[PDB]
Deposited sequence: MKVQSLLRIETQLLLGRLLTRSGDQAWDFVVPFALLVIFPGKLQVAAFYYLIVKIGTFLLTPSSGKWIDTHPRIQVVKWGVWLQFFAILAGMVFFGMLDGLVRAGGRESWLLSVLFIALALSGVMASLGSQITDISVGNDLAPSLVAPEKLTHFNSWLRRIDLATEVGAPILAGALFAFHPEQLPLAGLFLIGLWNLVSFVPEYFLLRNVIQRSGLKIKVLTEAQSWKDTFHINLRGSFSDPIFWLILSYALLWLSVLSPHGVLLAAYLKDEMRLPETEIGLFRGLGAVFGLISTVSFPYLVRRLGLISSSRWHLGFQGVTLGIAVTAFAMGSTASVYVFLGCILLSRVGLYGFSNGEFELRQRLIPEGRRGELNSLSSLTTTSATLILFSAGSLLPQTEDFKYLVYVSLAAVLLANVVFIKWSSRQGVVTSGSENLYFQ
């Protein structure tokens, strides 16, 4: 295998395990604390807030250590976080099965679980930045990055579609530990693949920074590109969106069978961007392809939101169809912004400025989570819809302004 293929193979193996694990954790939480959806929510919250708080530090840590150290800590932090998580899950499940109720002990084990979730999430973010935003632009010719990124996207979508299937086959909570085990094992090929390409090549030579402040990050021009991407995470208009599903079910009275297919079609339209975006790049260049895809997301969601406004079931399939089309735009733009970060971010600032990107997208996630919790009613879904559209149009404005560079 050539270098580029080794990178993709490593990503494919470790992701299939990551996606399988992320899929089953909420269900495992619900098995242990039956009914209590607030507990699963609390888990997710701690992980995200935790990752948020550790992000600037981790980006400085990335720029000040050799790559082989970054990859070692990135992967093995995950490995041992997942192992710790499995141990705490087992303990929790054992405790509750044996009749344990609310206690400091049970609480302490939940916190230990949630913190291990923070470590894994942070390790994963470090590894993504390292492989996708440092190793890849250092190993792959600039003109072949678009091709390389489209395969990274295909791996992400494929393992995303394969996750419920994998999990299904393997699934009290015995399925969880089998998924945990597969996840553990799936970290190992990527560690050694990465370690061996670093050991044998010029990745060893890298000037490190000695030895937060975020003023330097936010003041950099690339932050506006970063903001144009992050804004897209604010939307409730997604195939997987829980508030949209709730809305479609109660207000639109769509059958649950049609809602599930809609949800499942997300991946397909994501996959379509991996053909449309590279095609436009090769024809119009990276900036122009990005602008067209982002505009396509803006137009299709504009149409979808007009169809939502005249709130008839006579317009519901155009609403859903346009949301699905918009995913082509979103997934295309996401590869473009990713590639612009690969190409434009100085080598010595790869940890810093890409962690800024993680910081801003995690913030968007937290806001979206906050809005979901604050406006949980289907009759209020209307307001989240208009703010989602506004965010997308603002993203277009910000990117157009930025791409005047």
Problem - Stretches of the record's deposited sequence for which the structure holds no C-alpha atoms - result: 1-6, 178-184, 225-232, 427-440
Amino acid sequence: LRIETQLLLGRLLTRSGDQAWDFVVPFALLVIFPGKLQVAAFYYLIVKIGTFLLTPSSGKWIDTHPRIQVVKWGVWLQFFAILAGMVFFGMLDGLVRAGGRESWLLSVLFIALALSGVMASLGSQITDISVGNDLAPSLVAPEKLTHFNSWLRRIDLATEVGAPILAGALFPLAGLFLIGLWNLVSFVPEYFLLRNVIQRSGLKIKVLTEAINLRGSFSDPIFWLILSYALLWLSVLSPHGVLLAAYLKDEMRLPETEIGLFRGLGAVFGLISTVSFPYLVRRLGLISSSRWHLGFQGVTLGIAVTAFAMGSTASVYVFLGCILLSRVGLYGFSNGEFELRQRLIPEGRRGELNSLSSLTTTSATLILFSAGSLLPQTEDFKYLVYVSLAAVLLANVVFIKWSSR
From here on, numbers count along this sequence of modelled residues.
Problem - Segment of higher mean CA temperature factor, 280-288 or 330-338 - result: 280-288
Problem - Of 124-132 and 157-165, the stretch whose C-alpha atoms average the higher B-factor in the entry - result: 157-165
Completion exercise
Entry record, C-alpha B-factors for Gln297, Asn149, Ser228, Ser138; the maximum is at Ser138
Practice task
Between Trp233, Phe80, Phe192, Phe308, let me know which has the highest C-alpha B-factor in the entry?
Solution key: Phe308
Problem - Chain-relative CA temperature factor third for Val398 - result: lowest
Completion exercise
By the entry's values, the third containing the CA B factor of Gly99 is the middle
Handout entry: For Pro26, the third of its chain into which the C-alpha B factor falls
Key = highest
Handout entry: CA B-factor ranking of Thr361, expressed as a third of its chain
Key = lowest
Exercise for the section: Sorting the chain's modelled residues by C-alpha B-factor, tell me whether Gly50 ends up in the lowest, middle or highest third. Expected result: lowest
